[PDB]
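Structure record follows, encoded as structure tokens.
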Amino acid sequence: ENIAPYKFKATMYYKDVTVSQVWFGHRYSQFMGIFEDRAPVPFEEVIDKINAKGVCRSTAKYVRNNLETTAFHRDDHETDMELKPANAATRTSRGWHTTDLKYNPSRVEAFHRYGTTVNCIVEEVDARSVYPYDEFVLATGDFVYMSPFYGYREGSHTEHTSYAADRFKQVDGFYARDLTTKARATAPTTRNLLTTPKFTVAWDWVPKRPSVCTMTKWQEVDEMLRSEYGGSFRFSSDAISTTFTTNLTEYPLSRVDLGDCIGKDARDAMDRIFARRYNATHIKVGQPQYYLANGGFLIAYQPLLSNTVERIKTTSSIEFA
Amino acid sequence: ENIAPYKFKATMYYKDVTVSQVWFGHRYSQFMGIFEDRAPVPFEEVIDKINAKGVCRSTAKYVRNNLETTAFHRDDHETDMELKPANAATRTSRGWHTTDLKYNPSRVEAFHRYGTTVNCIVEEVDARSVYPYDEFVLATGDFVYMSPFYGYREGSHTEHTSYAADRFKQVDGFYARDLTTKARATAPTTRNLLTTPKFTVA
Amino acid sequence: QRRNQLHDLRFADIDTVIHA
Amino acid sequence: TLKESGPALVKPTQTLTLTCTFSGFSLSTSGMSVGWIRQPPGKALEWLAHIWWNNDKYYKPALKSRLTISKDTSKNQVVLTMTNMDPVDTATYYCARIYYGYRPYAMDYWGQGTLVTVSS
Amino acid sequence: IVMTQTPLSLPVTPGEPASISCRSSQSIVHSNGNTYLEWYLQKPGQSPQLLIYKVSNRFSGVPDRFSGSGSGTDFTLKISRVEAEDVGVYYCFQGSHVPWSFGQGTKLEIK
């Protein structure tokens with residue numbers, strides 16, 4: 152059973168909008184409030200500005216609390232600002248930002264003053280999703296309530312989404328321009344862009360059926376003896392010292408939810424092993440068979456002869504086998 | 152394999168600075184915002200004030216968002232306040248605080264009023280670090296991006312530190328004075344004091 | 706948390722103080 | 022079925038608005054797309070624009086600054102707008118339906134097309 | 021992706037096979053792993069109709085005479101037995117990558 156999440160790289164475009172209210176006393180200055188908000192970056196700004204020009208506006212316009220709010224960095228006019236790489240941190244993914252210092256209002260004697268700092272931040276984050284893959288979470292602990300595989304093509308629009316359809320924009324034929332090398336990639340990809348209330352996430356879209364794999368290749372057994380006894384099949388491997396018991400009937404692979412991956416991986420590994428070890432002495436006997444073993448193990452088996492819909496739940500304990 | 156983190160005792164000195172804006176109506180008072188911050192306690196105030204005299208200033212002077220913030224408890228003149236033990240809780244570590252009530256502004260009619268409360272807090276916490284021990288956490292879930300072993304003596308300064316060298320001070324020969332027993336320990340120890348943007352860890 | 710608490714270290718300058 | 026409709030004569034340097042009426046689909050289903058293509062007389066097919074059910078407009082980059090496709094599902098129509106018309110823009114415009122939502126082939130159902138001449 | 025259809029005019033006697041080739045500046049292979057190339061046939065005073073989709077698949081309503089092939093950037097429509105009804109202009113259209121475009125088209129003539 153594939154307990155590992157489906158992992159993929161995403162990019163969070165958002166503007167950190169910090170409004171600080173400062174009170175200036177006679178001999179001191181005190182913060183009377185620091186409103187920090189995260190604004191999504193619009194699609195017209197991710198495609199036209201960030202991806203093409205490598206810049207970002209000095210304003211954030213976003214819907215917060217059922218209001219259209221527009222925040223101007225340093226309270227001055229909107230200007231395009233270059234994205235510079237973030238300060239290096241250990242074990243940290245790449246990130247870029249426009250502004251590096253928090254703007255706070257200039258001193259005036261005995262007056263509360265409000266000062267806005269809009270920092271356009273672009274972070275490459277790891278995003279992960281679990282079955283039924285109707286939601287995925289970014290590395291920043293933010294949940295995104297859309298299937299990773301939501302899109303436009305060939306039934307990839309019936310995938311779950313919890314946002315209005317005006318918040319999603321799959322820019323087909325997307326040319327990624329790295330913000331460090333400033334080099335535009337040649338091979339196009341389908342770019343999904345979801346503008347959540349707090350940020351915008353972009354990820355390269357892939358079809359769901361060949362991208363997920365509800366089973367995971369756990370062991371590749373060169374020599375797995377199969378025997379029939381007591382109306383059941385025993386698959387014994389001396390290499391890993393493990394014996395599984397299955398019903399005599401084959402397991403219909405169509406019954407595995409999201410299961411096109413199992414056949415492909417099994418055939419690839421099986422052909423590789425056959426080429427490596429059994430090409431010169433044995434011959435394959437029929438097409439790969441699939442059996443379900445107690446504990447929830449899916450054994451793909453290729454018999455050899457010498458020339459002479493549901494989810495499978497797998498136990499965490501192999502020591503029974 | 153040592154999967155268990157390296158565990159040690161750290162002590163967080165920080166001042167909970169709560170500034171609240173209150174609006175007073177005809178028959179009622181309403182909170183129009185409560186800014187809560189945690190300020191570090193300077194080394195001069197951890198060594199000379201907290202460790203020596205067992206008291207802590209009633210003001211926090213710290214750096215927040217690239218500004219020199221200065222908060223005065225109850226918005227009055229600076230005073231040294233005794234660190235008293237915190238209210239008991241089950242399965243919690245020792246903690247001390249100066250102030251016990253939140254200061255909110257006195258009533259005036261139809262005016263927004265701001266009230267500042269600086270509660271100096273000293274909390275003994277468990278701190279933990281995993282390999283390569285270039286950072287450690289506290290029981291409060293706050294990360295400290297600096298090796299537990301960073302110091303001054305014999306190659307203990309090449310350890311990782313993500314903070315400016317102005318934020319660290321290893322007070323060699325440190326005499327711990329318990330804030331409950333009010334007694335100074337006899338054996339000296341090397342004390343590391345890191346003033347993070349939000350608190351101080353020793 | 707390890708990544709979120711690095712936010713000011715990465716996309717800001719912790720140390721600088723501006724006074725005027 | 023789709024039916025394009027627009028002024029048959031627009032003078033140069035003006036905005037031309039067209040309209041495509043549908044039948045058998047509304048542009049609010051999960052995967053429906055509607056595209057506009059022109060064909061100058063005697064020339065090959067030139068794609069212009071296409072809009073998905075979620076107001077996701079795609080244009081021809083050459084004509085992107087001039088083309089504006091909008092969708093009004095209340096009247097079940099798509100309006101194609103193209104400003105600063107030039108005599109080169111004289112062409113027959115076709116409204117098509119795209120099954121990329123459902124099938125791997127686009128532009129199955131075309132309208133009869135409307136011929137527009139750009140002249141004063 | 022730029023589609024150039026060759027030739028621009030292909031006169032073919034009825035009964036003989038015909039081949040039409042059109043190339044794309046870059047690969048029309050999509051991230052799906054499927055190539056979205058469609059062939060269209062515009063008859064005189066008629067709206068175009070799709071003939072071949074996904075390179076090697078024939079749309080319903082199209083006789084077995086038409087057959088598509090190719091890969092990468094080279095694609096070829098092929099009519100095994102050209103008939104009189106095949107008169108018209110033929111277009112190859114890439115749908116994989118935005119923006120979409122048609123080829124310059126080939127006019128089939130019956131000799």
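Residue numbers (the deposited numbering), protein chains in the order written: chain C, 152 to 459, 492 to 504; chain B, 152 to 353; chain A, 706 to 725; chain F, 22 to 141; chain G, 21 to 131.
We put the CB at the ideal spot given by N, CA and C, even for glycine.
TODO: For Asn75(F), return the contacting residues in chain C, with the cut-off set at a CB-CB distance below 7 Å.
DONE: Counted from its first residue, the fourth sequence places residue 75(F) at position 54. Simply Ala316, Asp317 and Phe319.
Task: Alpha-carbon to alpha-carbon, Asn445(C) and residue 513(C) - done: No statement about residue 513(C) is possible, as the shown extent of chain C runs from 152 to 504 and does not include it.
TODO: List the residues of chain C whose Cβ lies closer than 9 Å to the Cβ of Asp718(A), in chain order.
DONE: The residue you call residue 718(A) lines up with position 13 of the third sequence. Chain C residues near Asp718(A): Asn238, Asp251, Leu252 and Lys253.
Task: Pair within 7 Å by beta-carbon distance, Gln440(C) and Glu401(C) - done: Numbered from 1 along the first sequence, position 289 holds the residue referred to as residue 440(C). Numbered from 1 along the first sequence, position 250 holds the residue referred to as residue 401(C). Against a cut-off of 7 Å, the Cβ pair of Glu401(C) and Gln440(C) comes out as a contact.
Task: Inter-residue CB distance, residue 16(G) and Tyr111(G) (contact presumed, cutoff 8 Å) - done: This structure cannot speak to residue 16(G), because chain G is shown only from 21 to 131.
Task: Cβ-Cβ distance between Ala117(F) and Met128(F) below 7 Å - done: If you number the fourth sequence from 1, residue 117(F) lands on position 96. If you number the fourth sequence from 1, residue 128(F) lands on position 107. Yes.
- [ ] Would you be able to state if there are at least three C-beta pairs under 8 Å between the segment 359-374 of chain C and the segment 325-345 of chain C?
- [x] no
TODO: Report yes if the CB atom of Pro299(C) is closer than 7 Å to the CB atom of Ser280(C), and no otherwise.
DONE: Locating residue 299(C) in the first sequence gives position 148, counting from the first residue. Locating residue 280(C) in the first sequence gives position 129, counting from the first residue. Yes. Within cutoff.
Open item on the list: Under 7 Å, Cβ to Cβ, is there at least one residue of chain C near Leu218(B)?
Closed with: For this step, residue 218(B) is matched to residue 67 along the second sequence. Judged by the 7 Å Cβ criterion, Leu218(B) is in contact with chain C.
Task: For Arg189(B) and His712(A), the rounded distance between their alpha carbons - done: On the third sequence, residue 712(A) is found 7 positions in, with the first residue counted as 1. On the second sequence, residue 189(B) is found 38 positions in, with the first residue counted as 1. Cα to Cα, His712(A) sits roughly 17 Å from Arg189(B).
- [ ] Measuring alpha carbon to alpha carbon, tell me which of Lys359(C), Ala426(C) and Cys412(C) ends up nearest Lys435(C).
- [x] On the first sequence, position 284 is the one that residue 435(C) refers to. Minimum Cα distance to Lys435(C) is reached at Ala426(C).
Open item on the list: As a quick exercise: from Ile413(C), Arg245(C), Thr210(C) and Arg258(C), pick the residue whose alpha carbon is nearest that of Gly176(C).
Closed with: The sequence position of residue 176(C) within the first sequence is 25, counting from 1. The candidate whose alpha carbon is nearest that of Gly176(C) is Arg258(C).
Open item on the list: When you compare the segment 290-306 of chain C with the segment 353-361 of chain C, are there three or more beta-carbon pairs, one atom per stretch, that lie closer than 8 Å?
Closed with: yes
Open item on the list: Is the separation between the beta-carbon of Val288(B) and that of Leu234(B) shorter than 7 Å?
Closed with: As a working note, residue 288(B) is residue 137 in the second sequence. As a working note, residue 234(B) is residue 83 in the second sequence. No, these two residues do not count as a Cβ contact at 7 Å.
TODO: State whether the segment 133-140 of chain F contacts the segment 80-92 of chain G, with contact taken as three or more CB pairs (one from each stretch) at a distance under 8 Å.
DONE: no
Task: chain F contact for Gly53(G) (CB, 7 Å cutoff) - done: Counted from its first residue, the fifth sequence places residue 53(G) at position 33. No, because no Cβ of chain F sits closer than 7 Å to the Cβ of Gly53(G).
Open item on the list: Any beta carbon from chain G within less than 7 Å of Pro299(C)'s own beta carbon?
Closed with: By 1-based counting over the first sequence, the position of residue 299(C) is 148. So no, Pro299(C) is outside the interface.
- [ ] Measuring only between beta-carbons, confirm whether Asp199(C) sits less than 7 Å from chain G.
- [x] The residue given as residue 199(C) occupies position 48 in the first sequence. With 7 Å as the cut-off, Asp199(C) does not count as an interface residue toward chain G.
Open item on the list: Quick check: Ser51(G) and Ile21(G), are their CB atoms within less than 7 Å of each other?
Closed with: Reading the fifth sequence from its first residue, position 31 is the one you call residue 51(G). Reading the fifth sequence from its first residue, position 1 is the one you call residue 21(G). No, they are not a contact pair.
TODO: Report the rounded CA-to-CA distance for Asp323(C) versus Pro339(C), giving the unit in angstroms.
DONE: For the purposes of this step, residue 323(C) is taken as residue 172 along the first sequence, with counting starting at 1. For the purposes of this step, residue 339(C) is taken as residue 188 along the first sequence, with counting starting at 1. Roughly 8 Å between the two C-alpha positions.
Open item on the list: Quick check: the segment 79-97 of chain F against the segment 63-71 of chain F, are at least 3 beta-carbon pairs closer than 8 Å?
Closed with: yes
- [ ] Taking only heavy atoms of the ligand SAH into account, decide whether any of them is closer than 6 Å to the Cβ of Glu310(C).
- [x] Absent from the structure shown: the ligand SAH. Ligands present: none.
- [ ] Report yes if the C-beta distance between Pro33(F) and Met106(F) is below 7 Å; otherwise report no.
- [x] Taking the first residue of the fourth sequence as 1, we reach residue 33(F) at position 12. Taking the first residue of the fourth sequence as 1, we reach residue 106(F) at position 85. It is a contact, given that the beta carbons lie within the stated cut-off.
Open item on the list: Against chain C, does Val118(G) count as a neighbour if the rule is that its beta carbon must be under 7 Å from one of theirs?
Closed with: Taking the first residue of the fifth sequence as position 1, residue 118(G) is located at position 98. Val118(G) counts as touching chain C.
Task: Beta-carbon contacts of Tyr442(C) that lie in its chain and below 7 Å, excluding the five residues immediately before and after - done: Locating residue 442(C) in the first sequence gives position 291, where the first residue counts as 1. Within the same chain, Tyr442(C) has close Cβ partners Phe384, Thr397, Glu401, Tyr402, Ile450 and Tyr452.
Open item on the list: With the cut-off set at 7 Å, would you say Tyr157(B) and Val192(B) are in Cβ contact?
Closed with: By one-based count along the second sequence, residue 157(B) stands at place 6. By one-based count along the second sequence, residue 192(B) stands at place 41. It is not a contact, given that the beta carbons lie outside the stated cut-off.
- [ ] Quick one: grab the DSSP three-state call for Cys364(C).
- [x] Taking the first residue of the first sequence as position 1, residue 364(C) is located at position 213. Coil.
- [ ] For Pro256(C), count neighbouring C-beta atoms within 10 Å of its own C-beta (all shown protein chains included) and say buried if the count is 16 or more, exposed if not.
- [x] Walking along the first sequence from the start, residue 256(C) turns up at place 105. Classification for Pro256(C): buried.
- [ ] Give the interface partners of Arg304(C) over in chain F, defined as CB-CB distance under 7 Å, in chain order.
- [x] Your numbering for residue 304(C) matches position 153 in the first sequence. Result: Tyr121.
Task: Pairwise C-alpha distance: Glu229(C) and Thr347(B) - done: Here residue 347(B) corresponds to residue number 196 of the second sequence, with the count starting at 1. Here residue 229(C) corresponds to residue number 78 of the first sequence, with the count starting at 1. Roughly 34 Å between the two C-alpha positions.
TODO: Run the CB neighbour count on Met183(C), radius 10 Å, all protein chains shown included, and call it buried at 16 or more, exposed below.
DONE: Here residue 183(C) refers to the residue found at position 32 when the first sequence is read from its first residue. With 16 or more other Cβ atoms within 10 Å, it is buried.
Open item on the list: Taking CB distances under 7 Å as the criterion, tell me whether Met421(C) reaches chain D.
Closed with: Among the protein chains of the structure shown, namely C, B, A, F and G, there is no chain D.
TODO: Could you list the residues in the segment 350-374 of chain C with a C-beta less than 9 Å from some C-beta on chain G, going in chain order?
DONE: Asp355, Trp356, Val357, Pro358 and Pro361
TODO: Excluding the 5 residues preceding and the 5 following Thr291(C) in the sequence, name in chain order all residues of the same chain whose CB lies nearer than 8 Å to its CB.
DONE: By one-based count along the first sequence, residue 291(C) stands at place 140. The answer, listed in chain order, is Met163, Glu274 and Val276.
Open item on the list: Assuming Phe79(G) is part of the beta strand (DSSP E), what are its boundary residues?
Closed with: Position 59 of the fifth sequence, counted from the start, is the residue given in the question as residue 79(G). Element bounds for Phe79(G): n/a, residue is neither H nor E.
- [ ] Check the C-beta distance from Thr169(B) over to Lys253(B) and give it rounded, since I have them as a contact under 8 Å.
- [x] As a working mapping, residue 169(B) is identified with position 18 in the second sequence. As a working mapping, residue 253(B) is identified with position 102 in the second sequence. Indeed they touch by this definition, with Cβ atoms about 6 Å apart.
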